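A.B. asks:
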Amino acid sequence: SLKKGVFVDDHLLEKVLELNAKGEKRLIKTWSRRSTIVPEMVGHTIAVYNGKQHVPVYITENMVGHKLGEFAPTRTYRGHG
Amino acid sequence: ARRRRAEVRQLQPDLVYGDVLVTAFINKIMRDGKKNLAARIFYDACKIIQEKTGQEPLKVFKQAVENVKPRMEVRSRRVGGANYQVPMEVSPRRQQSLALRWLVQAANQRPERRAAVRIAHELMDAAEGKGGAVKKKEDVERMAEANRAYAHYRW
Amino acid sequence: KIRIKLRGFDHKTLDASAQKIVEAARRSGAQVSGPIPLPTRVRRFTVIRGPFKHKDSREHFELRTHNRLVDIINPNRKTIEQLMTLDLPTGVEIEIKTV
Amino acid sequence: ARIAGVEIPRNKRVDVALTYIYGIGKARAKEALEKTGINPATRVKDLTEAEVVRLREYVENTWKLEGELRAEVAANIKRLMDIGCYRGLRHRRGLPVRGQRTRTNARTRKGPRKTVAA
Amino acid sequence: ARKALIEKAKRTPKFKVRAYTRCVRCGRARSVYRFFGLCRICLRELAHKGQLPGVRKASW
Amino acid sequence: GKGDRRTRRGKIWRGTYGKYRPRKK
Amino acid sequence: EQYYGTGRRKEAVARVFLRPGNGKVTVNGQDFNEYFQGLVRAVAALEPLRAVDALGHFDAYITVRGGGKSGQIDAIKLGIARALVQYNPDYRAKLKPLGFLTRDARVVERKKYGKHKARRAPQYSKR
RNA sequence: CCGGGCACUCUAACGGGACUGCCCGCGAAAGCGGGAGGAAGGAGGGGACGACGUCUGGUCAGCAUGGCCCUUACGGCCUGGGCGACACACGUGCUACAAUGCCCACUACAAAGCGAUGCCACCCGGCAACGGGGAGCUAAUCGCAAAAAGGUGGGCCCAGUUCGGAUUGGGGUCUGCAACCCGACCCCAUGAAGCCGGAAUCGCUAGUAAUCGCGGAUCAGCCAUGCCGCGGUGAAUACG
Ligand SMILES: [Mg+2]
Ligand SMILES: [Mg+2]
Ligand SMILES: [Mg+2]
Ligand SMILES: [Mg+2]
Ligand SMILES: [Mg+2]
Ligand SMILES: [Mg+2]
Ligand SMILES: [Mg+2]
Ligand SMILES: [Mg+2]
Ligand SMILES: [Mg+2]
Ligand SMILES: [Mg+2]
Ligand SMILES: [Mg+2]
Ligand SMILES: [Mg+2]
Ligand SMILES: [Mg+2]
Ligand SMILES: [Mg+2]
Ligand SMILES: [Mg+2]
Ligand SMILES: [Mg+2]
Ligand SMILES: [Mg+2]
Ligand SMILES: [Mg+2]
Ligand SMILES: [Mg+2]
Ligand SMILES: [Zn+2]
């Protein structure tokens, strides 16, 4: 963890701060899973990348301190049998 | 011991009672190379052989050892036919070693919580003859009893 | 009050250097107290012997820095000039200071 | 006598017998002992109902404990699951949450082994 | 290793974390002694021919 | 034992320092 | 004014100064029994005293460093052994059969690659 | 610490020293036993050292290199992922199951190595990781450093426990562009299996085995319990 910190990539932090004061909001795809989320992210739909594709994740307020990659899982399982 | 008669390690005599057989016993209480613990345990035993018993604890030791010393045991020999159990008497050297060993091994089986009391009481009970370590001695001589049948195969 | 610090990877030449500076000083001037070996500082490398995988079977090497100290109390301008021009070192290193 | 929830410790020591409560131990014990100014080497068996009430009333009040604690750790986990997050899946599927390695022994969190053929 | 790899190891900038020792004989990333800038195979190779100054094989 | 990081033995073994093995001499 | 000996066991080194008196012994500026307090074998450090019969004839000034408490002790033993044999070196008479004049060559054997502790070997597998 | 000496310890170069060379016994000799030597014997202990060859052994992924093969790609750059997956199965290990033990306090004794792009004394802030400050050292000259077991004192009283610390919740620290996947560390909480392990099976002959700590290489940091080393204490047992 960090504190003097709270790292977020400027790529989407741009387009998010932008989708606040535009008045309009829609579907935004980032490769940044290292970043942290919120507060102005909430209500937005971001497509994170698992290495394979961009997965839509709806953003709500208890998703807060979490990196984006937490909601975009990298592996595929479904068990053995 | 292919070539050699594999001669015996000579032990430096004790500091306090001044005896080889003590040290040889001390070493056998020694877990993981701690001698301090070994002797501080052993010596505390004689502290217990005193206020408890009136005799002179070294003398207990030399006796409880002599009581626990197996006179004959049964080892094995491969012959035309099966592998057997043949009675032979234990060498003087071996008597000692076996005795020292059982002494401790029985000792650490007794329930009394502290180390030095276990060796106290076992060395007492051994001396007086009713020791668990002595059970083993008898029980070994007893195996040499049963197989006195095959006693003609001895080397 | 001027002290010379000697280093090098070979003690056969190192000592053979510190020996020359002794009479590039002693005979050549004021008193200079004899060669004192400092402890040797040893870099060591222990490495796997073959290119692929045999993880036991390591060869190891070392690089040894040997140090030799010699002190000089009183300056003579023949000692100094000797210690400047008359240098005959090779793979040996040398230092000096006023302090 | 009994502190938060029921949780009766007894005999033994006092500062030890405090561990036996859910939410407390080692540190939190040796703490409330001098902040109610009670001897820790005393045995909960004997002591004034006075030092007993000072003791209960402090602990029960300072921090949350067995009932509400368990339910609070409970609720955190629930939140981690169902938010959809990755720490949440590993709670959902009963698997280890913090890095480590599931190709081999996860046993504590996987259960006993359930063997299969080759 | 490959060329673009032995190369890219020298173009060091962008986030100085990415820089990594690579051996200056091979191109070999793994087991590269800091002192020599040689990988473990080369250091055994050069040490043996007396081309490593004051470097002798030890024993004790 | 050497695996309890909350004791002197643990901390030493792990090589670290803290409230249970404070640095002093 | 005094007598001297050198001894070492296993990286431990001992300097032994023997001057006559009550028999007071000093180790590293400490009474023998404070420094070595509570150690079984301590009194075996000076055997050759009792063995040569000088009891309360000599005080002792001893410095010691290197190794560890218990190897230092056998190093001091060789000090007394060698010091005592300076004063009237007829003391060779009964010292050497007691063995007190020999140094213990026994030290830590090193560690060997592919082994674990230098003899101790990694567990065999076969499968 | 100062004067002062280096005598000793030591430091690190150079020689010395044991050769079955001496005595008795055997013996045809070579050797073998035994003796007294001496610090040391019967190659003193430990290295480095590995014959002609063997396994069509290992490695085209260190490198080199014949042949075959790809050529807007089988080459090249990037962002992210994966090598860290988990019903399970095996190898090598660390930590244990406790009272010759655990905890706290006080108190001792090492060696080998590393460090002025680093090692960091000492003071302050913080329970702490750590963060402020900040002197010394190109280093037998300052630092890493506390060695640990041990010792003394006190506590625990045989209990799944002051045993054991896996798991999980919360709170933070540091490196790093960045610690979701995948970091190490500190604190609070949580305290799992485990009460000496079926058939089976490994190591070790002496300063060894056990046991206790310490350094280094790689390295930003680190999954090191690994490896290569260092010394502390220190057994048992070999008829055959
Ligand atoms: Mg190439
Ligand atoms: Mg790197
Ligand atoms: Mg590298
Ligand atoms: Mg514990
Ligand atoms: Mg030495
Ligand atoms: Mg060792
Ligand atoms: Mg291995
Ligand atoms: Mg040869
Ligand atoms: Mg083949
Ligand atoms: Mg990439
Ligand atoms: Mg792998
Ligand atoms: Mg994993
Ligand atoms: Mg391991
Ligand atoms: Mg159970
Ligand atoms: Mg991760
Ligand atoms: Mg039990
Ligand atoms: Mg087992
Ligand atoms: Mg590192
Ligand atoms: Mg280590
Ligand atoms: Zn290379």
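Chains as they are written, first to last, in the entry's author numbering: chain AI, 4 to 84; chain 6E, 2 to 156; chain 1I, 3 to 101; chain 4I, 2 to 119; chain 5I, 2 to 61; chain 1F, 2 to 26; chain 8E, 2 to 128.
Yeah, the Cβ is synthetic: ideal placement off N, Cα and C, and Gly gets one too.
In whole angstroms, give me the CA-to-CA distance for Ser30 (chain 1I) and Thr81 (chain 1I).
C.D. replies: Each residue's alpha carbon lies about 6 Å from the other.
A.B. asks: What residues in its chain sit with their C-beta under 6 Å from that of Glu52 (chain 4I), if we drop five residues either side in the sequence?
C.D. replies: Same-chain partners within the cutoff: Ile39.
A.B. asks: Taking the continuous alpha helix (DSSP H) assigned at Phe33 (chain 8E), which residues delimit it?
C.D. replies: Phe33 (chain 8E) -> alpha helix (DSSP H) spans 33-36.
A.B. asks: Relative to the alpha-carbon of residue 86 (chain AI), which residue among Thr77 (chain AI), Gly46 (chain AI), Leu71 (chain AI), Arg78 (chain AI) has its alpha-carbon at the smallest distance?
C.D. replies: Residue 86 (chain AI) cannot be examined here, being either before or after the span of chain AI that is shown, 4 to 84.
A.B. asks: Identify the contact partners of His69 (chain AI) in chain 4I, using a Cβ-Cβ distance below 7 Å as the criterion.
C.D. replies: By Cβ distance, chain 4I contributes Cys86.
A.B. asks: So for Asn37 (chain 6E), helix, strand or coil by DSSP?
C.D. replies: DSSP places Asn37 (chain 6E) in helix when its eight states are reduced to three.
A.B. asks: With DSSP as the reference, label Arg29 (chain 4I) as helix, strand or coil.
C.D. replies: Here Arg29 (chain 4I) sits in helix by DSSP.
A.B. asks: How many angstroms separate the CA atom of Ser126 (chain 8E) from the CA atom of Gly115 (chain 8E)?
C.D. replies: So the two alpha carbons sit approximately 15 Å from each other.
A.B. asks: Given a cut-off of 8 Å, decide if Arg66 (chain 8E) and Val14 (chain 8E) are closer than it, judged by their beta-carbon atoms.
C.D. replies: In contact: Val14 (chain 8E) and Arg66 (chain 8E) (Cβ atoms closer than 8 Å).
A.B. asks: Where does the unbroken alpha helix (DSSP H) through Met144 (chain 6E) begin, and where does it stop?
C.D. replies: That run of the alpha helix (DSSP H) goes 133-147.
A.B. asks: When every heavy atom of ligand 7 is checked, does at least one fall within less than 7 Å of the C-beta of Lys113 (chain 8E)?
C.D. replies: It does not: the Cβ of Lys113 (chain 8E) is nowhere closer than 7 Å to a heavy atom of ligand 7.
A.B. asks: Give me the DSSP bridge partner(s) of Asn84 (chain 6E).
C.D. replies: Answer is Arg79 (chain 6E), bridged to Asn84 (chain 6E).
A.B. asks: Assuming the contact rule is C-beta atoms closer than 8 Å, residue 1 (chain 1I) and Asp12 (chain 1I) should be a hit. Round their C-beta distance to whole Å, please.
C.D. replies: Here chain 1I covers residues 3 to 101 and nothing more, so residue 1 (chain 1I) does not appear.
A.B. asks: For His62 (chain 1I), which residues in chain 5I fall below 9 Å Cβ to Cβ?
C.D. replies: What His62 (chain 1I) touches in chain 5I: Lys58, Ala59, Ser60.
A.B. asks: Which residues bound the beta strand (DSSP E) around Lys7 (chain 1I)?
C.D. replies: That run of the beta strand (DSSP E) goes 4-10.
A.B. asks: Name the chain AI residues whose beta carbon is nearer than 8 Å to that of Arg80 (chain 4I)?
C.D. replies: Result: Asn65.
A.B. asks: In three-state terms, what does DSSP make of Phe43 (chain 6E)?
C.D. replies: Here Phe43 (chain 6E) sits in helix by DSSP.
A.B. asks: Would you list the one or two residues that DSSP bridges to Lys99 (chain 1I)?
C.D. replies: Paired residues: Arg5 (chain 1I).
A.B. asks: If you count every other CB in all the chains shown that lies within 10 Å of the CB of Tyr18 (chain 1F), and 16 or more means buried, which is it?
C.D. replies: So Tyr18 (chain 1F) ends up on the exposed side.
A.B. asks: Using a threshold of 7 Å, is the CB atom of residue 166 (chain 8E) nearer than that to any non-hydrogen atom of ligand 7?
C.D. replies: Beyond the ends of chain 8E as shown, which are 2 and 128, falls residue 166 (chain 8E); an answer cannot be given.
A.B. asks: Straight-line CA distance for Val21 (chain 6E) to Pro90 (chain 8E)?
C.D. replies: Looking at the two C-alpha atoms, the distance is approximately 30 Å.
A.B. asks: Pairing CB atoms from the stretch 56-68 of chain 1I with CB atoms from the stretch 44-60 of chain 5I, are three or more of them under 8 Å?
C.D. replies: Yes: at least three Cβ pairs fall under 8 Å.
A.B. asks: Please say whether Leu16 (chain 6E) and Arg42 (chain 8E) have beta carbons closer to each other than 8 Å?
C.D. replies: Cβ atoms of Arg42 (chain 8E) and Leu16 (chain 6E): closer than 8 Å.
A.B. asks: Which residue marks the beginning of the alpha helix (DSSP H) containing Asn78 (chain 1I), and which one marks its end?
C.D. replies: That residue, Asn78 (chain 1I), is in no alpha helix (DSSP H); it is neither H nor E in DSSP.
A.B. asks: What does a CB cutoff of less than 8 Å around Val9 (chain AI) pick up in its chain, not counting 5 residues either side in sequence?
C.D. replies: Cβ within range, chain order: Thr39.
A.B. asks: Beta carbon of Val19 (chain AI), beta carbon of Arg36 (chain AI): below 8 Å?
C.D. replies: In this structure, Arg36 (chain AI) does not lie closer than 8 Å to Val19 (chain AI) by Cβ.
A.B. asks: How would you call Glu8 (chain 6E), buried or exposed, if buried means at least 16 neighbouring beta carbons within 10 angstroms?
C.D. replies: With fewer than 16 other Cβ atoms within 10 Å, it is exposed.
A.B. asks: Which of helix, strand or coil does DSSP assign to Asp13 (chain AI)?
C.D. replies: Here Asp13 (chain AI) sits in helix by DSSP.
A.B. asks: Check residue 169 (chain 6E) in the structure and name its three-state DSSP category.
C.D. replies: As shown, chain 6E starts at 2 and ends at 156. That puts residue 169 (chain 6E) outside it, with no answer to give.
A.B. asks: So the beta strand (DSSP E) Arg9 (chain 8E) belongs to, where does it begin and stop?
C.D. replies: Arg9 (chain 8E) -> beta strand (DSSP E) spans 4-10.
A.B. asks: Three or more C-beta pairs closer than 8 Å, one from the stretch 21-35 of chain 1I and one from the stretch 67-75 of chain 1I: is that the case here?
C.D. replies: The stretch 21-35 of chain 1I is in contact with the stretch 67-75 of chain 1I.
A.B. asks: Excluding five sequence neighbours on each side, which residues of the same chain lie with their C-beta closer than 6 Å to the C-beta of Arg57 (chain 4I)?
C.D. replies: Closer than 6 Å at the Cβ level, and outside the excluded window around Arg57 (chain 4I), lie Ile4.
A.B. asks: Once you ignore the five residues that flank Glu61 (chain 4I) on each side, which residues in its own chain have a CB closer than 6 Å to its CB?
C.D. replies: The residues are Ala5.
A.B. asks: For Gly55 (chain 5I), which residues in chain 1I fall below 7 Å Cβ to Cβ?
C.D. replies: Correct list: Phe11, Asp12, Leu65, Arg66.
A.B. asks: Note down the Cα distance separating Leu79 (chain 8E) from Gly11 (chain 1F), rounded to an integer number of angstroms.
C.D. replies: If you take the alpha carbons of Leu79 (chain 8E) and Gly11 (chain 1F), they lie about 40 Å apart.
A.B. asks: Please go through the same chain and pick out, in chain order, the residues whose beta-carbon is closer than 6 Å to the beta-carbon of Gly8 (chain 8E), but skip the five residues on each side of it.
C.D. replies: Result list for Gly8 (chain 8E): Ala15, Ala76, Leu79, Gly80, in chain order.
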